[PDB]
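Positions of Cβ are backbone-derived with ideal geometry, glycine not excepted, and every protein chain shown enters the neighbour counts. Bear in mind that the values in this text are calculations on the coordinates, not laboratory data.
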Amino acid sequence: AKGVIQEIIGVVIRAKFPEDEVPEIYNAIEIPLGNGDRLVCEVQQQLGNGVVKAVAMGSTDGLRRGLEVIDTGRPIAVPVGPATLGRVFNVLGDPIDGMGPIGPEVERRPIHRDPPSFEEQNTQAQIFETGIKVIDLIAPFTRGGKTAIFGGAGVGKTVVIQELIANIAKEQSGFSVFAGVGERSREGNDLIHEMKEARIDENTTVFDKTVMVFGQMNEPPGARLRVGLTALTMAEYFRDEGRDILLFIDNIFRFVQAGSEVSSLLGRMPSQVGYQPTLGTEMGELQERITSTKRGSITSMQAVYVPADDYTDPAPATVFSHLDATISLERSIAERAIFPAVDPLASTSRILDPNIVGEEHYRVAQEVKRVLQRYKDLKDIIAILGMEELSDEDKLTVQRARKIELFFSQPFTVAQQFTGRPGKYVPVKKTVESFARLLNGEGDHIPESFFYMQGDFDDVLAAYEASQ
Amino acid sequence: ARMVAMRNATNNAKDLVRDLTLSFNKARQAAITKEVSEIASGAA
Amino acid sequence: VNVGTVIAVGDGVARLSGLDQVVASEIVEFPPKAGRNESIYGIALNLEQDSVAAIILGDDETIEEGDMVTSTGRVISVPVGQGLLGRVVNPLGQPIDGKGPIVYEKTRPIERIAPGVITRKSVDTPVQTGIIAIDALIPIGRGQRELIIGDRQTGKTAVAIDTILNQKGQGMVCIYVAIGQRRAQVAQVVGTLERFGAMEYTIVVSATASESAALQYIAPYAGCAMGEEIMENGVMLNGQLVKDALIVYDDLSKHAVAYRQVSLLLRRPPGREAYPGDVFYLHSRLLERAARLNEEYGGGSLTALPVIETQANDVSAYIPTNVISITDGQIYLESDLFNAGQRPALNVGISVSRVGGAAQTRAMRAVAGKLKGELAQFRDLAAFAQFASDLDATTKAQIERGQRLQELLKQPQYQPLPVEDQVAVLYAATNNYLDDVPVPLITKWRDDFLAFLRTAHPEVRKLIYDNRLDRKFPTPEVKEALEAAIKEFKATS
Amino acid sequence: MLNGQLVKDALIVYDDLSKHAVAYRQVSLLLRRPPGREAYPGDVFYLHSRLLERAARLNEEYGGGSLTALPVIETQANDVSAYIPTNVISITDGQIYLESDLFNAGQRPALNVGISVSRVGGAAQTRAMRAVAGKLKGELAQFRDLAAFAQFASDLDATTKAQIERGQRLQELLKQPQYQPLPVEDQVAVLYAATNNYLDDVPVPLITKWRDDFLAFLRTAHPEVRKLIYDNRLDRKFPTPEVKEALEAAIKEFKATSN
Ligand SMILES: Nc1ncnc2c1ncn2[C@@H]1O[C@H](COP(=O)(O)OP(=O)(O)OP(=O)(O)O)[C@@H](O)[C@H]1O
Ligand SMILES: [Mg+2]
């Protein structure tokens, strides 16, 4: 304990400790910083004669060299238990809501814990109904399994996440944890607060069953780097005692970007496009903790931001192998005013198996993909020549594909703020029936424009009758 | 009718070439950036 | 301990050996010497052992090896207050207009963490840009981050200037931050602001292309610190205290380019498109400070209007997508529409404002919802517009109406429209009251209608302005009054 | 010791060598070794060559054992010309390309048979399989060639129409479900039935059901034909009149009974 700061490079602080009291790899050291409030750094490396390199996870832009640092001797500890329910925390576990601090009697758990072993893994999963046609048909939201949506900058990842929460957080049958590792403090939070506090479950709000840890974009790289681990530690307590947990981590890519900035400041050799050499290991350490085990189940739902529109970027490429259900949002689909913007061809799921989701559901999904696969094959032919050169069956499949593409669009109850269309909740059975009817041939006479932003097939038929 | 269809097809083909050339140029620059990054990193 | 000596001057970075007890972002002084009457400052960033790398905020040819440096004891800060109003200043806060020294009682440090999550509230108070298309289809609220993204010469600067001009009586403190813009453009912008009298409430921070890459990198943070001071403490405008501010960052692409130059001259590893890996953090920590604080934290706001320049309308680049992800909405200014004559070129099909739709005057939304619907129908019918005499009455009428609405959206530069005039014009357009007016004369029809309402019927405008907040705007009184006004105008015309 | 028999054959599947290359890149960069192409270390081809050249079929003097390797590589956006994919393509003796376009189009194994190659070739097939699959490969290749005319032209002669139909028959034959492997005798029987025009009258959408029913037929009605096919699958001339009969008879009986 009682070291001194040697260098302050960005948010990376190199401190010198006595020879026999060097902090451990992941210990949390503190600068008094004056004013009675301290800056909690996390060690990352040990460089030699008592010299350690720590990540500030704070402003670290008003402190000098030679400042003393106090070694706590333990990694970052965050409160866990029912006391964390309905509260908002930092990466450090310090509450930021108007309510008081967590009492000392509440257990503090280190945010760096080993992921569940191979024995503890629970492979049992089943479809989690969500009411979104494209999600519940092509890439079923998996209960007890990791799933994530990959979108660019203009697509509505946040809208989809908010609608999903509105649909499924009321009938939770358990607590939930939200972690915006990297997201706008406007819509990622302080507006999800209003939505969650407005929703009421038998005189108890949804927010009364939720633990929320942000580390918003504004925060320095350390907070965005470790906020995911804080949320995971807060949710593992509830998973370990059997409670079903809904976990919503927003923009894992921001966690990766924070890791990249920290690594760049740490002097590590860059890999690929400026990313950290330890990208795969960091992703493994975070993601392998998001697992439903034999003691409890975590129904994770993540979001991933692709830089520019590159799906070959190392961060989404690393995420892709850590998921059960993959949802891909495309810029072109969104620019075609299809707000869900999900690409069925590039979106898959593990539980899209007839033994799990249902034989009819599986057949319908496979046909809805074989169509639009024919369409992707004939895209160039249509673009340069036109519909006429195709054969009759090819033509029919093409307009069926366009009708399906239009029909995947669905109004969202959270889209009322900029769209006047009321939201719709289409059950998975209704979605399967509607798409089976559409593929049978029913609805062929209906023009494609009638499938835009509708509910089930009955709503499309009713609109067609209204317009005669 | 064939003359109209071919004229539309040629216009669509020329528009596609302009779009592809626009996309090829972006891929050409990104290839240069990638090389100028590995060589500079390999230098240090 | 407050003094040190430069030991190496290189790619815009000095080494400043022996300057300990310097804070991690202190603004070092470089006191003047022979040949340099003024002092050029620097930001000490890499506080490594026995060396303090410092970014030279200015031309690096001024200093040599052995120059004395004195640490000022302050984290990098910009002077801020009521004295900044109506002044064009450097990113450091020094004035460049030559009017006189800047008067200020307190300084606000740039490069600070945004207020947070709990310290925020959903936007409710609208921002009137004065453009029909923007104010009717892409509502902007106070504290919203709306991005103006276009392709070079398309009108992003013009849109920002119109928005600044329209905030004359709205109790807003406009801030225009010019990053990387050539001095001619900045001078023309300042002159345009002066001519229309908007310079009395507008603070302009200029970091031009010739300036060092250290500037154009702190300029948006200087402007954001000014906006934060306006948002939290507030200033007296027109005899009233205003805590609402609007800031236009102008070209954030040039800001990202300047930060890339600074990083590469510091030998930091490049990332995608040679930009440093923390460019997203750069723009996020810049834009996240533009917030709409709740009442218990003062109730202030700070609207941000970043401007992003694209190449060949490539919205899927690195910096444009980064800024799109940071901001709340987009205003896509297409080049094809701009060249076609639609000078307020907006890609309404893809431009959107996620927040602020509920932060709009009830009259404007109540008249513009069906406007947006009809524009959507026209865009849907754009494919069928090629066919001649093959369309029924409904489709032909829809195409004609869409053309009329687009021509109405065409608004000449430097002519903001008050909210009452905008809502009256849209109510006239959307009630089949302009179907008889030929398309090429709709602009002059709108101009004549506005002149008539300014001269003949000020009471109608005042009543609309007073009754724009009602839940049901089309009350019988305003409806009959405006219908009588338009019938009189049509009879006279 | 496996099932009471001394097994000296091993089959190793590297679940993903791209992740292994990523791990080696991480450990090299953390050791501050100089990078190479795409930040991978210089000797990544040496890495994977060391790993893969240990898979061999030793001669009888050295034990006669073997080790079969199936490296697995994911490609970003089907970029075969990347660094690790090209390295391991150079190292291996064969490639099996799986495409998302074929996978979505209903072709479940999703093999791109046009570009998937096996340098060992017929030497790694049973004599029955080698004798039956040559016509399969030729007809499938010619169908792939004629797909250009099939996509557009509708005035093609009856020969080309029937040949496209046969190509579709074979492609639908290859559409295998998951966790349902077919033993060598079953595949030989099905391919002999398909390549000898016994399947021409079956419509394309029902060919998979036809194959499943035919396999149920052989497994229940005529186990002896399967035993006979498997018994003499190594002879130089597999289609002997003996194997030729009682197999065409089984196909004819199945065709007559159902549909
Ligand atoms: N609404 C408008 N009506 C008429 N002309 C306009 C309008 N908006 C912009 N222009 C003209 O377009 C040109 C460029 O406009 P502006 O100065 O806003 O540039 P920009 O597109 O924002 O970008 P840049 O700063 O790169 O030139 C000028 O000649 C300006 O007069
Ligand atoms: Mg401009």
- request: Using label points projected 7 Å from each Cα along Cα→Cβ, tell me how many nm separate D:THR220 and D:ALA124, to one decimal.
  value: 3.7
task: Express in nm, to one decimal, how much length is gained between A:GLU393 and A:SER173 on full extension, taking 0.36 nm for each residue of separation and deducting their alpha carbon distance.
output: 74.4 nm
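Which FRET efficiency, nearest 0.05, do A:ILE381 and C:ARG379 yield, Cβ-Cβ r, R0 25 Å? If you can, show how the numbers build up before the last one.
Values: r = 25 Å, r/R0 = 1.01.
The computed FRET efficiency comes out at 0.50.
For chain D, return all DSSP H helices satisfying: extent of Cα atoms along own axis at least 20 Å; mean Kyte-Doolittle hydropathy at least -1.0. Spell out each step's value before the answer.
Values: long enough: D:127-152 (39 Å, 0.09); D:158-173 (22 Å, -1.03).
Counting only whole DSSP H runs, the qualifying helices are D:127-152.
Counting other Cβ atoms within 10 Å, keep those with at most 15, restrict to DSSP loop, and tell me which trypsin sites (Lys or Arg not before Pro) in segment C:75-109 are left. Could the numbers behind the result be given before it?
On the way: sites: C:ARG87, C:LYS99, C:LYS106; in loops: C:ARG87, C:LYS99.
Here the trypsin sites (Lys or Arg not before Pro) that fit, given the DSSP loop and packing criteria, are C:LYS99.
Ratio of Rg to Rh for segment D:1-159, alpha carbon only, Kirkwood? Please list the in-between numbers first.
Working: Rg = 20.5 Å, Rh = 19.2 Å.
With Rg and the Kirkwood Rh in hand, the quotient comes to 1.07.
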- request: Search the structure for amide H atoms under 5 Å from the amide H of A:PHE408, placed 1.01 Å from N in the peptide plane, and list their residues when 5 or more places away or on another chain.
  value: none
- prompt: What dipole magnitude, in Debye to the nearest 20, does chain B give about its Cα centre under +1 on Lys/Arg Cβ and -1 on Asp/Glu Cβ?
  reply: 340
message: Quick check: pseudo-label points 7 Å beyond the Cα along Cα→Cβ at A:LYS429 and A:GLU120, how many nm apart are they?
response: 3.8
Charge dipole of chain D about the Cα centre (unit charges at C-beta), most positive-ward option of D:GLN95, D:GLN107, D:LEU6: D:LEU6
- prompt: With a sphere of radius 13 Å drawn around the Cβ of D:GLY121, what net charge do the other residues whose Cβ falls strictly inside it have (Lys, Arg +1; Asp, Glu -1)?
  reply: +2
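Using just the Cα positions, wrap segment D:119-161 in a convex hull and report its mean projected area in square nanometres, one decimal place.
Working: hull surface 15.6 nm².
Approximately 3.9 nm², given one-decimal rounding.
Which net charge results for the neighbourhood of D:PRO223, defined as the other residues with beta-carbon distances under 13 angstrom from its beta-carbon, given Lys and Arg at +1 and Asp and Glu at -1? Walk me through the intermediate numbers first.
Values: positive: D:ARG219, D:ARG226, D:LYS227; negative: D:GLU185, D:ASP186, D:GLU224, D:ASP231.
That sum, taken over residues with Cβ under 13 Å, equals -1.
For A:259-272, what's the mean count of beta carbons from other chains sitting within 10 Å of each residue's beta carbon?
Values: counts 1, 7, 7, 2, 2, 7, 4, 0, 1, 4, 14, 10, 12, 11.
Taking all residues of A:259-272 together, the mean is 6.
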message: Whole-Hz ³J(HN,Hα) for each residue in segment C:116-125, computed from phi via Karplus 6.51 cos²θ - 1.76 cosθ + 1.60 with θ = phi - 60°, x for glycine and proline: what do you get?
response: x, 9, 4, 7, 8, 8, 4, 6, 10, 7
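State whether segment A:363-440 is rounded, prolate or oblate according to the following rule on the C-alpha gyration tensor (a ≥ b ≥ c being the square roots of its eigenvalues): a/c under 1.5 gives rounded; otherwise a/b larger than b/c gives prolate, and the remaining case gives oblate.
Details: a/c = 3.19, a/b = 1.66, b/c = 1.92.
Verdict is oblate for segment A:363-440.
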- request: Taking 7 Å along the Cα-to-C-beta vector as the label spot, tell me the C:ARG36-C:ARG183 distance in nanometres, rounded to one decimal.
  value: 2.0
statement: Between the Cα axis of helix C:252-265 and the main Cα principal axis of chain C, the angle (0 to 90°, nearest 10) is 20
- line: Here the Cα Rg-to-2.2 N^0.38 Å ratio for the protein assembly as shown is 1.03
query: Taking a spot 7 Å from the Cα of B:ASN12 along the direction of its beta carbon, which residues of segment A:366-394 have an amide N less than 19 Å from it?
result: A:372-394
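How large is the convex hull of the C-alpha atoms of chain A per residue, in Å³? Kindly include the intermediate steps, with their values, before the conclusion.
Working: hull volume 75.9 nm³, N = 468.
Here the figure is 162 Å³ per residue.
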message: As an exercise, use a Förster radius of 30 Å and the Cβ-Cβ distance of C:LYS487 and A:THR413 to find the FRET efficiency, rounded to the nearest 0.05.
response: 0.15
message: Between helix B:2-43 and chain B, what is the angle of the helix's C-alpha long axis to the longest principal axis, kept within 0 to 90° and rounded to the nearest 10?
response: 0
statement: With x for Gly and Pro, the residue-by-residue ³J(HN,Hα) of segment C:393-400, computed from phi through the Karplus equation 6.51 cos²θ - 1.76 cosθ + 1.60 at θ = phi - 60° and given in whole Hz, is 5, 5, 5, 4, 5, 5, 5, 4
query: When a footprinting reagent is the concern and you count Cβ atoms within 10 Å, what order do A:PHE451, C:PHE452 take, fewest first?
result: C:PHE452, A:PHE451
- line: Computed ³J(HN,Hα) along segment C:409-426: with the Karplus parameters 6.51/-1.76/1.60, θ = phi - 60°, integer Hz and x for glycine or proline, the list is 5, 4, 10, x, 5, 6, 10, x, 10, x, 4, 5, 4, 4, 5, 5, 5, 5
- line: Net charge near A:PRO23 (other residues with Cβ under 13 Å of its Cβ; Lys, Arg +1; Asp, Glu -1) is -2
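Based on Cβ point charges of +1 for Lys and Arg and -1 for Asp and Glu, what charge dipole magnitude is obtained for segment A:1-57 about its Cα centre, in debye rounded to the nearest 20?
Values: 5 positive and 8 negative charges, 35 e Å.
Its charge dipole is roughly 160 debye.
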field: Residue (of D:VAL202, D:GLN187, D:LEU173) at the positive-pole extreme of segment D:167-237, dipole from beta-carbon charges
entry: D:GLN187
- request: Identify, among C:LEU85, C:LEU282, C:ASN431, the residue whose Cα sits farthest towards the positive end of the charge dipole of the protein assembly as shown, taking +1 on the Cβ of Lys and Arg and -1 on the Cβ of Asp and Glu, with the dipole about the Cα centre.
  value: C:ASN431
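Quickly rank C:62-71, A:332-341 as a protection proxy: mean count of other C-beta atoms within 10 Å, highest first.
Packing order, densest peptide first, comes out as A:332-341, C:62-71.
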- request: Return the long-range amide H neighbours of C:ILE308 (sequence gap of 5 or more, or a different chain), with a cut-off of under 5 Å between placed amide H atoms.
  value: C:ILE148, C:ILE149, C:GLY150, C:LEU252
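Taking the mean number of other Cβ atoms within 10 Å as a proxy for protection, how do you rank D:64-74, A:193-203 from highest to lowest? Don't skip to the end; give the middle numbers.
Values: D:64-74: 15.1, A:193-203: 12.9.
Peptide ranking by packing, descending: D:64-74, A:193-203.
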- prompt: Considering every residue in C:115-128, what mean count of other chain Cβ atoms within 10 Å of its Cβ is obtained?
  reply: 4
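What is the order of C:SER212, A:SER300, fewest Cβ neighbours within 10 Å to most?
On the way: C:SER212 20, A:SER300 26.
Arranged by neighbour count, lowest to highest, C:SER212, A:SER300 become C:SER212, A:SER300.
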message: A 23 angstrom limit on the alpha carbon distance is what I want to check against. Which of C:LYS168/C:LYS372; A:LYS146/A:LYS376; A:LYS403/D:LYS175; D:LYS135/D:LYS175 exceed it?
response: C:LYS168/C:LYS372; A:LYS146/A:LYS376; A:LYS403/D:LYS175
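Sorted by average packing, counted as other Cβ atoms within 10 angstrom per residue and highest first, what order do A:117-123, C:109-115, A:253-259 take? If you can, show how the numbers build up before the last one.
Values: A:117-123: 9.7, C:109-115: 20.7, A:253-259: 28.6.
Packing proxy ranking, top to bottom: A:253-259, C:109-115, A:117-123.
Can you show me the helix-derived [θ] at 222 nm for chain C, built from DSSP H runs with n ≥ 4 at -39,500 (n - 2.57) apiece and divided by the number of residues, rounded to the nearest 500. Each step should come with its number before you reach the end.
Numbers: 14 runs with 168 residues, N = 493.
Computed ellipticity for chain C at 222 nm equals -10500 deg cm²/dmol.
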Between 0 and 90°, nearest 10: helix A:221-240 axis offset from chain A longest Cα axis: 80
query: For chain A, what is the relative contact order in percent, using Cα pairs closer than 8 Å and at least 6 residues apart in sequence?
result: 16
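Determine the dipole magnitude for segment A:288-374: charges of +1 sit on the beta-carbon of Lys and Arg, -1 on that of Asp and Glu, nothing else is charged, the reference point is the Cα centre, and the result goes in debye to the nearest 20. Walk me through the numbers before you get to the answer.
Numbers: 10 positive and 12 negative charges, 53 e Å.
Roughly 260 debye, rounded to the nearest 20.
Hey, with R₀ at 41 Å, roughly what FRET efficiency would C:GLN94 and D:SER49 work out to, going by the Cβ-Cβ distance, to 0.05?
Values: r = 64 Å, r/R0 = 1.55.
For C:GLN94 and D:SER49, the calculated efficiency is 0.05.
Expected output is a single nm value to one decimal: the length gained when fully extending between C:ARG362 and C:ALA312, i.e. 0.36 nm times separation in residues minus the C-alpha distance. What is it? Provide the component values of the computation, followed by the final result.
On the way: separation 50, 0.36 × 50 = 18.00 nm, distance 3.77 nm.
Result for the pair: 14.2 nm of gain on full extension.
Give the average, rounded to an integer, of partner chain Cβ atoms located within 10 angstrom of each Cβ in A:214-225. Present the calculation step by step, with values, prior to reporting the outcome.
Values: counts 3, 0, 6, 10, 14, 7, 3, 3, 0, 1, 2, 0.
Partner-chain Cβ atoms within 10 Å, mean over residues of A:214-225: 4.
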- prompt: How do C:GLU488, A:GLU105 line up, fewest other C-beta atoms within 10 Å first?
  reply: A:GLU105, C:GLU488
Chain B, helix-only ellipticity at 222 nm - DSSP H runs n ≥ 4, -39,500 (n - 2.57), divided by all residues, nearest 500: -35500 deg cm²/dmol
